[PDB]
Amino acid sequence: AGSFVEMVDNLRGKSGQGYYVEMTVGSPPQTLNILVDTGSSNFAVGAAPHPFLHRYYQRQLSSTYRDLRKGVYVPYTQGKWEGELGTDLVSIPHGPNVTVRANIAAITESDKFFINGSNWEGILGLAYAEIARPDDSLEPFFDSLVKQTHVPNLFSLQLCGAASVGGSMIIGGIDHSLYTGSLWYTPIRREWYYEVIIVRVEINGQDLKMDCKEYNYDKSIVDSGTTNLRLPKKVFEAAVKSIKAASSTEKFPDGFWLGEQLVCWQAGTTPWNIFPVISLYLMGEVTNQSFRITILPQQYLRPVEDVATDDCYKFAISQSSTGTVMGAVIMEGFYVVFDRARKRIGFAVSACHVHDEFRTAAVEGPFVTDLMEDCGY
Ligand SMILES: CO[C@H]1CC[C@@]2(Cc3ccc(-c4cncnc4)cc3[C@@]23COC(N)=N3)C[C@@H]1C
C-alpha cells in the first residue's frame, strides 16, 4: 500500500479446465454448466451458438428475462469477452432450494474465453462488486443471493482434482466431512478480489528470508479460476532456487522450472520424495498470530495426460506481475471457507487431497509473526 449433505460432489471438470457447477437461468429453466470463479465478479454466460459450446442462454425463451439496455467490453490477459447486460431468475439444482433475480451478462462475442473441448458455457464470478464489469453498481450473483434469501453469507470450496475432476461448493455453509483437523482463518484484507496477506514462505521448512511485502506485491488473492500457484517475479526466483537446491539429487533443464517444457519419468515411477514441501504462512485473526498451509509436489507438479510425444509433468508454480495467486494448486490441498459475513477465509486439510504414505498437506498453528501489517502492499 436442498441440504449440504445435496451439495456434496456438485462440482465437475477436466484437468486444467476449471471446476463447474450446474445452474438454471430463465423461465422455463435453461440448464447450463458454469465455471466457479472466486477471482472475478460477473455472472457471464454464452448466449450465442459458438461452435465450442454444448449449450447457451437463449433470452428469447425466457418470460422472466429483463434487458438492462447496456453493453460491456471486457479485455483481460489471455483474451476478451463482450456481453449484453440483463437480469433473470437463477437457481442452482445441487445448491439451496431458492430462486433469485440476478444480473447476467449475455456473451455475444469472445476471444480465448471458451475452451475447445470443455463442458462449461459461463462463469460465476464469486468475488466482490468493486471488480464487477462495467462498475460496482452491477450487483454480483452471491450478493443478490444473500439479499433475496435467508442463505447465510458464506460459501466453501473443496476442489479434489484427480481426466475428470470433482469437488464441492457448499453454498451458505460448511460441511465438516470435507476436512480433517481444524479450520484456520486469515482476514480478507479488502473486499474486491478475495485478498489475503502472506507473511512468511518456507521451502521444506527453510525460510526464503525475503521482506514480506514482496510476497504480496501488489496483492495476494485466493482464485479458483486460476490453475497455478502464481508468485511475484522476485519471490518466484527465490522459491525456484530453493526448490532446485532441495531436489538437487536429480537435475532438470531451466525450461522445466519456467514452464517451457515437461519432465517425464517411466509409466509408474515419479520421485515425489525428492521434491520439497511448500509452506505459506498467512496473517491470522489475532495481533502477531499466524498459521501455515503446506502443499506437496502432488499439488504443484501437474500430470499432463494430453502428451502424444512416459508419465509427463508440468511445473505449476509460475511468475506473476499481478501478485500472488493462490490457484487450484493451493486450493486442491485444502477445504476453503469464504466467510464473507466475517471478512475472513478459512483453510483446513482437505479430506480428498492427493498425498502419499510419508507426507500430507497441512494447516498448522498458531505461530508468532511480528510486523504482519507491514506485509501488505
Ligand atoms: C469479468 O471478466 C473476467 C471473467 C473471468 C476471467 C476470464 C477467464 C476465462 C477462463 C478462465 C479459466 C480457464 N480455465 C480454467 N479455469 C478458468 C478464467 C478466467 C478469468 C481470468 O482469471 C480468472 N480468475 N478468471 C477474467 C475476466 C476479467
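- The deposited coordinates derive from X-ray crystallography, with the record listing a resolution of 1.46 Å.

- The PDB entry lists the protein chain under the name Beta-secretase 1, from Homo sapiens.
- The record lists its title as "BACE1 compound 28".
- Under the UniProt heading Sequence similarities, the note attached to the protein chain is "Belongs to the peptidase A1 family."

1. Details of the packing of aromatic side chains
Between two aromatic rings, the relevant description is the distance of the centres plus the angle of the planes.
Logical step 1: All told, the structure shown has 29 aromatic pairs when counted by the stated rule.
Logical step 2: Ring centres of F113 and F114 lie 4.9 Å apart, and the angle between their planes is 90 degrees; this geometry places the pair in the edge-to-face category.
Logical step 3: Relative to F155, the ring of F142 lies with its centre 5.3 Å away and its plane at 55 degrees, an arrangement referred to as tilted. Highlighted residues: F142 in helix α1 (residues 141-148) and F155 in strand β9 (residues 155-161), separated in sequence by 13 residues.

2. So, the nonpolar core
Logical step 1: Counting residues in each nonpolar core, the largest one holds 103 residues, and the members touching the most others are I293, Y300, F315 and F347.
Logical step 2: Looking at this core, you find at least three residues from each of domain 1 (19-151) and domain 2 (152-377).
Logical step 3: Other than its neighbours up to four places away in sequence, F315 contacts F236, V240, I243, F256, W257, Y300 and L301.
Logical step 4: Within the second largest apolar cluster, 15 residues are counted, among which are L35, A44, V74 and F114.

3. With respect to the pattern of salt bridges
Logical step 1: For the structure on display, the rule yields 17 salt bridges.
Logical step 2: When the shortest N-O distance is used, the salt bridge between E364 and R292 registers 3.0 Å.
Logical step 3: By relative accessible area, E364 is classed as partly exposed at 34%.

4. Focus on the UniProt feature "disulfide bond" in the protein chain
Logical step 1: Judged by the under 2.5 Å criterion, the sulfur atoms of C212 and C375, which UniProt pairs in a disulfide, are close enough at 2.0 Å to be bonded in these coordinates. For the residue pair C212 and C375, the accessibility class agrees, reading buried in each case.
Logical step 2: Look at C264 and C312: UniProt pairs them in a disulfide, and at 2.0 Å between sulfurs the bond is present in this structure.
Logical step 3: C312 gets classed as buried once you look at its relative accessible area, which sits at 6%.

5. What to know about the site of the ligand
Logical step 1: Of all residues adjacent to the ligand, which total 16 residues, the nearest are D37, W81, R133, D223 and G225.
Logical step 2: Separating a nitrogen atom of the ligand from a side-chain N or O atom of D37 is a distance of 2.7 Å.
Logical step 3: Out of a free accessible area of 590 Å², the ligand has 85% covered by protein chains.
Logical step 4: Listed by contribution, the elements that provide at least two residues to the shell around the ligand are β3 (30-37) and β5 (66-76).
Logical step 5: When grouped by side-chain class, the residues that make up the shell around the ligand number six nonpolar, seven polar and three charged.

Rules of the game
- Residues numbered from 1 in each chain as written, not as in the entry; some residues may be left out.
- Heavy atoms only, no water.
- Residues with missing side-chain atoms left out of burial classes, pairs and counts.
- UniProt positions renumbered as here; feature names shortened; annotations may be inferred.
- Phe/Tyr/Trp six-rings, centres within 6.5 Å; stacked < 30°, edge-to-face > 60°.
- Helix = DSSP H or I, 4+ residues; strand = E, 2+ residues; numbered from the N terminus.
- Core = buried A, V, L, I, M, F, W, Y, C linked by side-chain atoms within 4.5 Å.
- Buried < 20%, exposed > 50% of the residue type's maximum accessible area, 1.4 Å probe, protein only.
- Domains from an automatic or database assignment.
- Contact = heavy atoms within 4.5 Å.
- Salt bridge = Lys/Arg side-chain N within 4 Å of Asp/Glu carboxyl O.
- Disulfide = S-S within 2.5 Å.
- Near = heavy atom within 4 Å.
- Polar contact = N/O pair within 3.5 Å; in protein donor to acceptor, adjacent residues only side chain to side chain.
- Areas by Shrake-Rupley, 256 points an atom, 1.4 Å probe, with all protein chains shown as cover.
- Nonpolar A, V, L, I, M, F, W, Y, C, P; charged D, E, K, R; others polar.

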